[PDB]
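Below is one structure; the comments refer to it alone.
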Ligand SMILES: NCC[C@H](O)c1cccc(OCC2CCCCC2)c1
Ligand SMILES: NCC[C@H](O)c1cccc(OCC2CCCCC2)c1
Ligand SMILES: CCCCCCCCCCCCCCCC(=O)O
Ligand SMILES: CCCCCCCCCCCCCCCC(=O)O
Ligand SMILES: [Fe+2]
Ligand SMILES: [Fe+2]
């Protein structure tokens, strides 16, 4: 949990417009940037929160900004450019908001505002949001290269900002299809050297709980042998979605509603046999944005999730007007919100009818349960890994390249305090022990893990976070480096301009 | 959690018959019994596990045995007598099992085998089970005084072994009524000096979820202003219950079944206005035996519970044949059992219709939620206070006289390890910090708290536990005294005879 209040309101700098740079700045280092750290931290976020006098209303509406911190020989640079999306270009052209963003209707056509994340396919990098348009970008110059419409290649209406990436370069993702949820597989770059998006395909299909209302889906789970998809009670109302939008005046946020009765339905597919498994896993209601990690232990899937306890859409609390309130008002607003909680679900693969009425989760080191009912539903209870009052462990990351889809011990995350990011956390998922890094009036981003080249252990490396530190006595922002073992500060690299909120990113080694 | 295995099988001495004494033994003390500790530890449990060659099958079938440890001027005695119940007396008379116990049918009339607990009414003490018969006993001589039939006074078919006791002597309890659940209030001893059981009355009534199937109920919650009752999916099947028993040949265990779909319904009544409150609090399925404590915080009830995750009846795992298995087999048997978990529920008293869809639990220091649905059900999620794999924090106790029904910080309990009691625990319910006391091949009982008489602090006292320590190098058993602050050992008082399992009790000051 946080041990800090924010009466000064410095967090408002997260949602304040900034200018791009025309070339890299030097970041002034204190401490020692590790000498083995060679590459680029690439991150996406909104950078422009109004077009002249027309404002963006929601956290996910600001125009995409691509950020880069470079590391070489203990020296650091910072660079950023706006992504030349249709939404951005046409807004600069017409000096107004032209494309409807997530929660901002444009007055007189799907947004490609790639503000959420960046990821590799083949030798290319794509910035993304959650729509059908992803944007190829140049990771060295931050120049915008091309828009790609995923509907040109595969049958999905959108895809998450959270594709899984196997070590050989294979990319998996999930998207709604107008009804089902499809898993797209993009293969690695082959000897022919043609673009792997051309070779995309749907490999498996998850069914929908309601024919005219699919669930919102933000991420999913992957293991060597299985795909896990969590169907929540936050639904997209297709009657409001497909009807004339600039007649009534609707945005994306206007089409969400909550199913009160369904709870959460969990779904598994066989990855290698490309087949849906018909096990009716069921639990109580929560919003889910981020899977932490998924793995196989004897005949059981371990599913670690950052949950929000309730069925109201957490995104209702992320309008900019609310996030820019004063600290007492921010806290008051979050009182009725769903409660964050890290939970471990355990999904049995072997269901024997003879065990009807009993707990199938026979593993020796969990309290998660799964109960086979007579109607063949499997009712799940979680093991809580972390719980603090309006203290979210969110934006989780692990040592992904060596432990994704595999037995693991450590997660890192951003700590939210009534939605305000004010700390960095590490969680031992076996023991439930936690570590915190926190300074007053300091607003960090998602921590990203980078392994030491000679690492023998899971947490032998550093985490990188972008921290916004307003209020004089400091420079406006800095790149923070923490030791992954205990979250003790290794270095920081200060820059002389403000940085807004960023969501997701990656480290690109070189 | 436990840090100990039990391959030697010493826990089998908990379920082995013993002889009563004709007068007190000295307990050999090591360490220093506190000089302010003056009174009697009184405890109940089964002492006779077969009548000749007819065996009792279930943990709750053995004939009631009343135990007493006396403390005066740093010196200790131990004494025990069988309770001369009908069941016991008639069994000694007829040299066979005459009355049907909980899970042992007698072959050719309700049991009064008072093996569970002992409690004060007026100037008297009553040993009890969960039936309509309670047994007045003499707390100094351990003589049986009389049988009391509660049906002679008030309209209930049984009452729990867990009445609440307000400081003025007022006694509340709950019982099934063949359909409703009635709260009985027995008033304190008055100036007229007549027996308070004659002044018993039903003050409030809780409804039933199913007309022909009432839930098993073991305990309930009480605050200055409210009564809380938790209706679980472990049901008593009245069609099997009332039909002729010694025709086919049924016991009590044969009449329990699990409702798969209802989950858990929670109920509040207004204590002082003697009125049921019509709030439909609902959650996922669990067995419940012990409430820890209940209290009021602003307009919310805090409900702390020792839960078992699942709907199968935990009592299915407590046949003596299973509990007497070898360690590897005991562990294997418990694998499919419900998982123990300490949970905090938070029940809002002010339900506004305007908050439909939202989390009503606006308190600042909990992660528990309560969600108002459109059908006016209030869906609850807990805050988990403690969770270990087949490690139950059970038989909870608090500093009851000063903190029962009130804001509190500390609970004590018996740690079960795949149902085997092998340690003593303290839980800070605000911070979730735990303390453990454990020695190899040592099988403790419920810890009972005793305040230093001049304590201002909640945990300024000691806990007392009866510990069975088989295997040579020690005497068969001992009374343990721990400091309540940190569970460090203060003294023990060894006795030269075995003691079987005991369930509940009290400290009687003098
Ligand atoms: N990061 C959360 C919001 C997301 O950036 C976003 C921004 C703008 C539009 C969106 O639409 C999601 C739908 C889902 C169904 C298919 C079409 C896209 C989603
Ligand atoms: N300690 C748990 C079991 C309890 O000792 C016990 C022992 C013997 C008979 C019982 O009967 C419970 C019924 C419930 C319905 C009303 C009558 C009593 C219950
Ligand atoms: C760095 C963000 C701080 C301000 C917003 C915090 C509220 C986040 C709620 C949980 C995560 C929701 C998903 C947002 C990230 C994403 O778009 O992928
Ligand atoms: C000292 C007891 C150890 C063996 C029994 C352990 C399983 C207990 C399950 C939860 C409590 C059930 C109620 C038993 C005490 C009672 O009858 O009130
Ligand atoms: Fe995300
Ligand atoms: Fe009990």
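Note that chain B carries Swiss-Prot numbering, so the residues on display, from first to last, are 2-109, 127-196, 202-533.
Looks like X-ray crystallography, 2.5 Å, at least that's what the header says.
Using N, Cα and C of the backbone, Cβ positions are placed for all residues, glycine too.
According to Swiss-Prot, B:180, B:313, B:527 bind Fe cation; the candidate from B:80, B:241, B:441 that the record adds to this site is B:241. Of B:195, B:329, the one with S-palmitoyl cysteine in Swiss-Prot is B:329, while the others lack that note in the record, though it may still apply to them.
When B:330, B:396 are looked up in Swiss-Prot, the one carrying the note S-palmitoyl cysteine is B:330; the rest have no such note there, which does not rule it out for them. Residue with Swiss-Prot feature S-palmitoyl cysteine, selected from B:106, B:231, B:448: B:231. Residue B:330 (S-palmitoyl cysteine) sits 18 Å from residue B:527 (Fe cation binding site), taking the Cα positions as reference. Checked against residue B:180 (Fe cation binding site), the recorded positions B:2, B:231, B:329 differ in C-alpha distance, with B:329 being the nearest. Counting neighbouring Cβ atoms within 10 Å of each of the modified residues (B:2, B:101, B:105), the lowest count belongs to B:2. Among the listed recorded sites, namely B:231, B:329, B:330, the Cβ with the most fellow Cβ atoms inside 10 Å is that of B:330. Residue B:2 (N-acetylserine) sits 25 Å from residue B:241 (Fe cation binding site), taking the C-alpha atoms as the reference points. Other C-beta atoms found within 10 angstroms of the C-beta of residue B:527 (Fe cation binding site) number 22, with every protein chain shown included. A Cα-Cα distance of 15 Å separates residue B:231 (S-palmitoyl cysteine) from residue B:241 (Fe cation binding site). Using a 10 Å Cβ-Cβ cutoff, residue B:313 (Fe cation binding site) registers 19 neighbours. 5 residues are missing from the deposited coordinates between residue B:196 and residue B:202, whose CA atoms sit 5 angstrom from each other.
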